[PDB]
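Trainee: My questions all concern the structure below.
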Amino acid sequence: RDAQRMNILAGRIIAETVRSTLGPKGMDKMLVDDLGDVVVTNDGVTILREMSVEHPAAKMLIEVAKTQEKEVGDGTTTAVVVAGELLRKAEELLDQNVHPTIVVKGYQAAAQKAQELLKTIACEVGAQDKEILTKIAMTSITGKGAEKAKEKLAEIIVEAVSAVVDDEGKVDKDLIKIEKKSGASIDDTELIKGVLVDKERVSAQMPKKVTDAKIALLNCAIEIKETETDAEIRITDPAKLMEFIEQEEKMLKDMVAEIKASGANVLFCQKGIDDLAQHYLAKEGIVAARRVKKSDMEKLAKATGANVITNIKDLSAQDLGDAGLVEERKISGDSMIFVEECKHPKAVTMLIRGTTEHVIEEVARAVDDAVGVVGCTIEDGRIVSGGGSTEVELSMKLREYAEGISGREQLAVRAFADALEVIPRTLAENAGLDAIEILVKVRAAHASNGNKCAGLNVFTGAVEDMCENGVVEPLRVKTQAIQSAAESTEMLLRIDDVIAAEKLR
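Written as structure tokens, this is what we have:
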């Protein structure tokens, strides 16, 4: 009957499911499917994918949320929490004989004006500074649950983003690898200036450590090839399989011998090998490997300047790797292969450690997002204090700007400004303090000539300088989040009917 009303009421149900998950403190509400896999995660976008939807219009708010992650990588819940607030204020005006179009024009006028205010509040920082980059690092890691040694993990991530700053001044998400492996604890994390493979030596007869060795990385299986033309083989004497073993050992011995003549020694195969074959090759001091991930063949090619080879016969000296120090040291119990190259490393890799698979995965979801928010701010060079202090300042200036606009439209620009007061309200409930009792003091700091940073601290619980505490965020996350929220709400306001079309493709 109402149709339009069914949308604004439905929009408030999806927001409440991911409203209390804002900020560090905040429980979660899991919805196990019919299968029974009980999974829990402190994230918003991760729950929208598994969680289904009833009405078809509900997918409109989920589509815009996907773009916020692939582009920015943080703040998806910050855009949906402010969306539901607008839908709750719209009905307050529609009952007063107001047309929906009058509310849409108000958000567009306030959204465009907010773009000019955020640029003035944002401060200027350096692109080579380190102390400023250490504060932003502690803000992203806090969003995953890891305060046992955050001071240490924040010191290794700030050095990685600074060592991957090309001359042109950009950031790439490919030259920063990640490897998870639980063993001792999280304190065993270290920044490696190269790559790392989770393999070991196929045999103990080969050398244990070498120096200045020409690595030869292969990628195939020593087998008989076949041309495009059909060619079948016939067999009739089963007593030939035994004779083929003796004829195969010499084929592999002379083959590996040709690789040693070119100055190489280290090898990387892709399948098993005879037990006795490696004996003749290990006594001569020839390192080798078997079964390696294809993803590792790409990073080793750039780290050691090597290149993937498909035919062992076609191998040149230029395609051989050049490592400065290759050693297979231990890492608390288990051992792995390692390669160093501090002379001029082009990439880096973070080795995550822990006691189980549940703790290493938490910190793993923070290193990939930290380099993103920290890699973009270096290109633009503009940041602003977080903690909702930006919305508290604009909440006062938007009221003065509303006086300039006359008519029946000023009721919309005021509702949008007051709608931004939900961010500091949700964080108050989780902290255990009355929001209305603290929301009156924050406005006192931003009276007129006061500072533009006082907000709220979930730890101590009082208005304090957020800059000294280290609570800042990029500037693109705010402009992009507010831009997506202001554009997504228009999809539900500019509609008042649902035709029952069949077979539309």
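Here the sequence shown is numbered in PDB author numbering, starting from 18 and rising by one per residue.
The C-beta atom is built at its ideal place from N, Cα and C for all residues, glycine as well.
Can you list, in chain order, the stretches of the beta strand (DSSP E) that have 3 or more residues and sit fully within the stretch 227–277?
Mentor: none
Trainee: Using C-beta distances below 6 Å, list every residue in its chain close to residue 79, excluding the 5 sequence neighbours before and after it, in chain order.
Mentor: In its chain, beyond the 5 residues on either side, 65 have a beta carbon closer than 6 Å to the beta carbon of residue 79.
Trainee: Taking C-beta to C-beta, are residue 341 and residue 405 nearer than 8 Å?
Mentor: no
Trainee: Among 148, 40, 93, 153, which has the Cα closest to the Cα of residue 402?
Mentor: The residue with the shortest Cα to Cα distance from residue 402 is 153.
Trainee: Closer than 6 Å by C-beta to residue 89: which residues in its own chain qualify, once you throw out the five before and the five after it? Chain order, please.
Mentor: 494, 497
Trainee: Which complete alpha helix (DSSP H) runs does the stretch 134–197 hold, if anything under 4 residues is left out?
Mentor: 148–158, 167–179
Trainee: Tell me the DSSP secondary structure of residue 365 in three-state form.
Mentor: Reduced to three states, the DSSP call for residue 365 is strand.
Trainee: For residue 277 and residue 303, which I take to be in contact (beta-carbon distance under 8 Å), what is that distance rounded to the nearest angstrom?
Mentor: 6 Å
Trainee: Going by the DSSP bridge assignment, what does residue 352 pair with across the sheet?
Mentor: 347
Trainee: Do residue 101 and residue 203 have their beta-carbon atoms positioned less than 8 Å apart in this structure?
Mentor: no
Trainee: In the structure shown, what three-state DSSP assignment does residue 209 receive?
Mentor: strand
Trainee: May I ask you to verify whether the stretch 213–224 touches the stretch 289–298, counting CB pairs closer than 8 Å and requiring at least 3?
Mentor: Using a C-beta cut-off of 8 Å, the stretch 213–224 makes contact with the stretch 289–298, since at least three inter-stretch Cβ pairs fall below that distance.
Trainee: Mind checking who residue 339 pairs with in its DSSP beta bridge?
Mentor: 231
Trainee: Are the beta-carbon atoms of residue 501 and residue 94 separated by less than 8 Å?
Mentor: no
Trainee: In angstroms, rounded to a whole number, what distance separates the CA positions of residue 421 and residue 77?
Mentor: 34 Å
Trainee: By Cβ distance, which residues of its chain are closer than 7 Å to residue 385, with the 5 residues on each side in sequence left out?
Mentor: 195
Trainee: When DSSP builds the beta bridges, which residues end up paired with residue 491?
Mentor: In DSSP, residue 491 forms a bridge with 400.
Trainee: On the DSSP bridge list, what partners appear for residue 214?
Mentor: 354
Trainee: Please report the straight-line C-alpha distance between residue 41 and residue 23, rounded to a whole angstrom.
Mentor: 33 Å
Trainee: With distances taken from CA atoms, which of 120, 182, 479, 63 is nearest residue 508?
Mentor: 120
Trainee: In whole angstroms, give me the CA-to-CA distance for residue 437 and residue 413.
Mentor: 11 Å
Trainee: If residue 411 sits next to residue 131, beta carbons under 8 Å apart, how far is it from one beta carbon to the other, in whole angstroms?
Mentor: 6 Å
Trainee: Determine the extent of the beta strand (DSSP E) in which residue 283 is found, giving its start and end residues.
Mentor: For residue 283, the enclosing beta strand (DSSP E) has its first and last residue at 281–283.
Trainee: Can you check the stretch 385–431 for any alpha helix (DSSP H) of at least 4 residues that lies completely inside it and give the ranges in chain order?
Mentor: You should have 406–419.
Trainee: From what residue to what residue does the alpha helix (DSSP H) around residue 446 run?
Mentor: 440–448
Trainee: Figure out for me which residue from 57, 257, 380, 428 has the closest Cα to the Cα of residue 198.
Mentor: 380
Trainee: Do you know offhand how far residue 487's Cα is from residue 506's?
Mentor: 33 Å
Trainee: In its own chain, which residues sit with a C-beta less than 8 Å from the C-beta of residue 169, not counting the 5 before and 5 after it?
Mentor: Its chain contains 204, 206 as the residues whose beta carbon lies nearer than 8 Å to that of residue 169, once the 5 sequence neighbours on both sides are disregarded; these appear in chain order.
Trainee: What is the rounded straight-line gap between the Cα of residue 260 and the Cα of residue 237?
Mentor: Answer to the nearest angstrom: the Cα atoms are 25 Å apart.
Trainee: Output needed for residue 398: all residues of its chain with C-beta closer than 6 Å, excluding positions within five of it in sequence on either side, in chain order.
Mentor: So the list reads 144, once near-sequence residues are dropped.
Trainee: Do the stretch 307–320 and the stretch 360–376 make contact, defined as three or more Cβ pairs closer than 8 Å?
Mentor: yes
Trainee: DSSP three-state label for residue 433, please.
Mentor: helix
Trainee: For the stretch 422–436 against the stretch 445–465, do three or more pairs of beta-carbon atoms, one drawn from each stretch, fall closer than 8 Å, so that the two count as touching?
Mentor: no
Trainee: CA-CA distance, residue 484 and residue 113?
Mentor: 44 Å
Trainee: Using the rule of at least 16 other Cβ atoms within 10 Å of the residue's Cβ for burial, across every protein chain shown, is residue 285 buried or exposed?
Mentor: buried
Trainee: Can you tell me whether DSSP reads residue 286 as helix, strand or coil?
Mentor: coil
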